[PDB]
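Colleague: Protein chains in written order, with the authors' numbering: chain A, 8 to 249; chain B, 9 to 249.
Heads up, the beta-carbon is just placed ideally off N, CA and C, and yes, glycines get one too.
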Amino acid sequence: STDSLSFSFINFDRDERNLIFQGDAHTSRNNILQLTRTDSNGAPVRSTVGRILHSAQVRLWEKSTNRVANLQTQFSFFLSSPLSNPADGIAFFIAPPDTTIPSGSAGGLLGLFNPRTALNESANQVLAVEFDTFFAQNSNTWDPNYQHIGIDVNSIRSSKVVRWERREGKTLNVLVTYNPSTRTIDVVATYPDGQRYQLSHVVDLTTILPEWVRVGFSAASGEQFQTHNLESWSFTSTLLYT
Amino acid sequence: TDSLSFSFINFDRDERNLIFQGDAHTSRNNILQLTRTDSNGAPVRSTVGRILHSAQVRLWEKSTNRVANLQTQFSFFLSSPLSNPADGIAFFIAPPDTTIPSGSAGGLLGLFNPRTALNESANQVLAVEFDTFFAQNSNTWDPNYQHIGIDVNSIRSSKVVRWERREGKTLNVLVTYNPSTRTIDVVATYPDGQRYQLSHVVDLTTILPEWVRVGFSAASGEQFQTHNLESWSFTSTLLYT
Ligand SMILES: OC[C@H]1O[C@H](OC[C@H]2O[C@H](O)[C@@H](O)[C@@H](O[C@H]3O[C@H](CO)[C@@H](O)[C@H](O)[C@@H]3O)[C@@H]2O)[C@@H](O)[C@@H](O)[C@@H]1O
Ligand SMILES: [Ca+2]
Ligand SMILES: [Ca+2]
Ligand SMILES: [Mn+2]
Ligand SMILES: [Mn+2]
Numbered sequence: 008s009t010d011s012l013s014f015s016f017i018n019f020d021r022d023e024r025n026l027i028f029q030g031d032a033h034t035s036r037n038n039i040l041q042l043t044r045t046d047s048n049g050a051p052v053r054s055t056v057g058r059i060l061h062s063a064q065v066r067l068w069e070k071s072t073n074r075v076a077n078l079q080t081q082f083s084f085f086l087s088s089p090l091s092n093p094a095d096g097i098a099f100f101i102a103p104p105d106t107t108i109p110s111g112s113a114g115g116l117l118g119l120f121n122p123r124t125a126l127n128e129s130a131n132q133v134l135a136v137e138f139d140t141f142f143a144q145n146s147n148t149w150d151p152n153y154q155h156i157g158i159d160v161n162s163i164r165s166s167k168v169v170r171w172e173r174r175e176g177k178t179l180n181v182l183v184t185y186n187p188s189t190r191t192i193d194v195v196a197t198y199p200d201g202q203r204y205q206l207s208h209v210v211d212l213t214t215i216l217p218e219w220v221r222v223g224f225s226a227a228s229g230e231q232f233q234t235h236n237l238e239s240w241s242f243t244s245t246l247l248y249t
Numbered sequence: 009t010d011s012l013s014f015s016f017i018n019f020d021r022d023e024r025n026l027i028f029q030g031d032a033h034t035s036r037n038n039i040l041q042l043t044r045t046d047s048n049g050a051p052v053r054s055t056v057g058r059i060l061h062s063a064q065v066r067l068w069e070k071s072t073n074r075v076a077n078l079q080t081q082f083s084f085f086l087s088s089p090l091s092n093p094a095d096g097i098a099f100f101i102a103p104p105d106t107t108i109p110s111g112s113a114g115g116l117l118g119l120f121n122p123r124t125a126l127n128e129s130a131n132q133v134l135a136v137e138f139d140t141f142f143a144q145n146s147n148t149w150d151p152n153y154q155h156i157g158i159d160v161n162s163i164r165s166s167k168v169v170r171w172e173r174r175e176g177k178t179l180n181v182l183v184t185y186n187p188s189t190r191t192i193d194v195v196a197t198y199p200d201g202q203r204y205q206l207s208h209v210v211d212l213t214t215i216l217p218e219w220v221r222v223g224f225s226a227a228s229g230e231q232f233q234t235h236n237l238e239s240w241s242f243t244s245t246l247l248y249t
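(1) Indicate whether the contact test is met: 3 or more Cβ pairs, each with one atom in the region 20-32 of chain A and one in the region 186-195 of chain A, closer than 8 Å.
(2) Pull up the distance between the alpha-carbon of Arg74/A and that of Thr249/A, whole angstroms please.
(3) Got a sec, what are the start and stop residues for the beta strand (DSSP E) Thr249/A sits in?
(4) Grab the span of the alpha helix (DSSP H) containing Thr213/A for me, first residue to last.
(5) Distance check for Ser225/B and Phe84/B, CA to CA, integer angstroms please.
(6) Go to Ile156/A, then tell me how far its beta strand (DSSP E) extends in each direction, as first and last residue.
(7) Unbroken beta strand (DSSP E) runs of length 3 or more, entirely within the region 75-141 of chain A: which are they?
(8) Return yes when the Cβ of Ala102/A is within less than 8 Å of the Cβ of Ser62/B, no when it is not.
(9) Among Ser228/A, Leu246/A, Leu67/A, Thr245/A, which residue has its Cα nearest to the Cα of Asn92/A?
(10) Classify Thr43/A as helix, strand or coil using the three-state DSSP reduction.
(11) For the beta strand (DSSP E) containing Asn186/B, name the first residue and the last one.
(12) Can you list every residue whose CB sits closer than 6 Å to some heavy atom of ligand 1, going in chain order?
(13) Could you have a look at residue 251/B and say whether DSSP puts it in helix, strand or coil?
(14) Give a single yes or no on whether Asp139/A has its beta carbon closer than 7 Å to a heavy atom of ligand 2.
(15) Is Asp22/B near ligand 2, judged by its Cβ being under 7 Å from some heavy atom?
(16) Using a Cβ-Cβ cutoff of 7 Å, what residues of the region 73-93 of chain B are near chain A? List them in chain order.
(17) List, in chain order, every chain B residue whose beta-carbon is nearer than 9 Å to that of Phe224/A.
(18) Provide the residue(s) that pair with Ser228/B in DSSP beta bridges, ordered along the chain.
(19) Does the distance from the CB of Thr245/A to the CB of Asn77/A come in under 8 Å?
(20) Have a look at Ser88/B, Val133/B, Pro104/B, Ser71/B and flag the residue whose alpha-carbon is nearest the alpha-carbon of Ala98/B.
(21) Against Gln64/A, what residues of chain B qualify as contacts under a CB-to-CB distance less than 9 Å, listed in chain order?
(22) Just to confirm before moving on: does the CB-CB distance between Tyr198/B and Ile156/B stay below 8 Å?
(23) Closer than 7 Å between beta carbons: that is the criterion. Which residues of the region 10-41 of chain A meet it against chain B?
(24) From the DSSP secondary-structure annotation, give me the bridge partner or partners of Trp240/A.
(25) Tell me the DSSP secondary structure of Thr191/A in three-state form.
(26) Answer with buried or exposed for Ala135/B, where buried requires no fewer than 16 other C-beta atoms within 10 angstroms of its C-beta.
(27) Do you know offhand how far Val195/B's Cα is from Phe14/B's?
(28) What does DSSP give as the partner residue(s) for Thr234/A in the beta ladder?
(29) Take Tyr153/B and list the residues in its own chain whose beta-carbon comes closer than 7 Å to its own, dropping the five residues that flank it on each side.
(30) What are the boundary residues of the beta strand (DSSP E) that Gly30/B is part of?
(31) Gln29/A and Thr107/A: beta carbons closer than 8 Å?
(32) Starting from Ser207/A, trace the beta strand (DSSP E) both ways and give me its first and last residue.
(33) When you measure from the CB of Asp10/A to every non-hydrogen atom of ligand 4, does any distance come out below 7 Å?
(34) Give a yes or no on whether 8 Å exceeds the smallest Cβ distance from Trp219/B to chain A.
(35) Report the residue from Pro217/A, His208/A, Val168/A whose alpha carbon sits nearest the alpha carbon of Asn186/A.
(36) Contact defined as beta carbons within less than 8 Å: I believe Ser165/B pairs with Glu137/B. What is the distance between those atoms, to the nearest angstrom?
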């Protein structure tokens, strides 16, 4: 018997009344959620930002009872592009409930940050798990010099990264958990051939985010582009004694 | 799958995902008090309160041809000094913009307007009621005893089972809807194991809109009692029959 909230989509209907759509995010007739803008043929375009949030607010703690949320999310996406350098990536993310798309964020900032404050942790309130396909050091100075999965804490510069291969049109299955007893954020990603990716980072979520949050996804393209297609998503949060 | 599910083991005075209507308030002991009390914690006359979860429940989805099942568990207790305490608490499913109707503080349980309460064509609601007050002068539709009912677009239950109100005791309820049999089941137990069972065939898809909200309603007219919601969990799943 716990206080908990849980939800799941195996498809995205064109009428999803519990989802908040931001910027260019929209749902295709095929019921795949498309985060970034496409042209009249469904091809990817430049300078686009898209995000979704579930409308239900997630309670991260309740100081009253020393309870902290233990959370768990699963999702699958694929990316596609005619380009040899496809940009910029998709992120699962957690932020205050009134979070909106920052100015200047269509590009390497992933729809998550303003460029005047993107490396200033004091100005942000965001945990993100990114899948980052574009790392050119000329514009994505913060990035490691390869493709990567990263854990972002109030910064576009990841606290931890692991090397990762983008695969044109292939579904990545992802599992993210937060264990509040160990304060650990744990990420496991897998392609359909079993090719596997792991990444963890210790951060106390109560020190970085407010009591009530919203959860969802962000994606962007700058001068380079791709489609960012979310296929499925489930989420559970459970308040647990810590 | 597609699913929505939430749990409250008790209620915190800050609950961002609940819609509160009328007299509904959270007590300092984490009980949801649907009807108004004075500064002595005492019930009052002429009160109605309701909660709904803000998350909308989808009852079917054409794109995938799926239909929703549902299941809810809850516990409440009622308290009054009267030998005829009134009026009752109900779990309900209604359109998402549902609000408390005029004249529902009483035998209408905050769910119906007196002018239209018995007219099916006028209402959109499935409710499971715990009705403590049945006198004919005003509760003409009632059987002549305390009862649990399954209400479909009327204050006159489609089906009832005789029930005993037990002053200050927790009643634990489990409601399920099985979309393949099109059946609402109710099981309610007291701490000593006394059990109540009730069942009605109804197709939610032919009665309710695609998207609904769920929660609770309670009221008091001229007779009174506090209505106290202890805990609530709810799940729903879009599946194939
Ligand atoms: O030779 C001039 C100039 O060339 C290079 O900068 C131009 C662009 O190079 C890359 O394509 C990108 O890094 C791009 O940055 C935009 O697109 C990125 C991909 O979508 C995105 O992440 C960025 O946020 C941005 O929108 C550059 O603009 C480079 O060699 C410069 O040093 C050189 O001066
Ligand atoms: Ca990048
Ligand atoms: Ca009655
Ligand atoms: Mn990065
Ligand atoms: Mn009745």
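Modeller: According to the data block:
(1) Output reads no: the region 186-195 of chain A does not touch the region 20-32 of chain A.
(2) The straight-line gap from Cα to Cα measures roughly 6 Å.
(3) Element bounds for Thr249/A: n/a, residue is neither H nor E.
(4) Counting along the chain, the unbroken alpha helix (DSSP H) around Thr213/A starts and ends at 212-215.
(5) Taken atom to atom, the span from the alpha-carbon of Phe84/B to that of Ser225/B is near 12 Å.
(6) Unbroken beta strand (DSSP E) run through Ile156/A: 155-160.
(7) Runs found: 96-102, 134-139.
(8) No; because the gap between Cβ atoms is not below 8 Å, this pair is not in contact.
(9) It is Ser228/A whose Cα lies nearest to the Cα of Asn92/A.
(10) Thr43/A sits in coil when the DSSP states are folded into three classes, being neither helix nor strand.
(11) If you look at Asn186/B, you'll find it in the beta strand (DSSP E) that goes 179-186.
(12) My final list is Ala94/A, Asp95/A, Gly114/A, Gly115/A, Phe141/A, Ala143/A, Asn145/A, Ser146/A, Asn147/A, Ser228/A, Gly229/A, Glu230/A, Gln231/A.
(13) Residue 251/B is absent from the model: chain B starts at 9 and stops at 249.
(14) Result yes, Cβ under 7 Å from ligand 2.
(15) Because no heavy atom of ligand 2 lies under 7 Å away, the Cβ of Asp22/B does not count as near it: no.
(16) Taking 7 Å as the Cβ-Cβ cut-off against chain A, none of the residues of the region 73-93 of chain B qualify.
(17) Those within 9 Å of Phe224/A in chain B number zero; the least Cβ separation is about 17 Å.
(18) According to DSSP, residue pairing for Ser228/B in a beta bridge involves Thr55/B.
(19) A Cβ-Cβ contact shorter than 8 Å links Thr245/A with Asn77/A.
(20) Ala98/B has its Cα closest to that of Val133/B, out of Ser88/B, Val133/B, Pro104/B, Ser71/B.
(21) Below the 9 Å Cβ cutoff, chain B contributes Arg24, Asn25, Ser62 as neighbours of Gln64/A, in chain order.
(22) It is not a contact, given that the beta carbons lie outside the stated cut-off.
(23) Going along the region 10-41 of chain A in chain order, one finds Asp10, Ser11, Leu12, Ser13, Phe14, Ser15, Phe16, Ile17, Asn18, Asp20, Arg24, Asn25, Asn38 with a Cβ nearer than 7 Å to chain B.
(24) DSSP lists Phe16/A, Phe82/A as partners of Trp240/A.
(25) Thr191/A sits in a strand when the DSSP states are folded into three classes.
(26) It is buried - the Cβ of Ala135/B has at least 16 other Cβ atoms within 10 Å.
(27) Approximately 20 Å between the Cα atoms of the pair.
(28) Note: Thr234/A is bridge-paired with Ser87/A in the DSSP secondary-structure output.
(29) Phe142, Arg170, listed in sequence order.
(30) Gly30/B -> beta strand (DSSP E) spans 26-30.
(31) Less than 8 Å divides the Cβ of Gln29/A from the Cβ of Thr107/A.
(32) Judged by DSSP secondary structure, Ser207/A falls within the beta strand (DSSP E) whose first and last residues are 203-209.
(33) Distances taken from the Cβ of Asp10/A to the heavy atoms of ligand 4 include none shorter than 7 Å.
(34) So, interface residue.
(35) Of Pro217/A, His208/A, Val168/A, the residue nearest in Cα terms is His208/A.
(36) Sure, about 7 Å apart at Cβ, within 8 Å.
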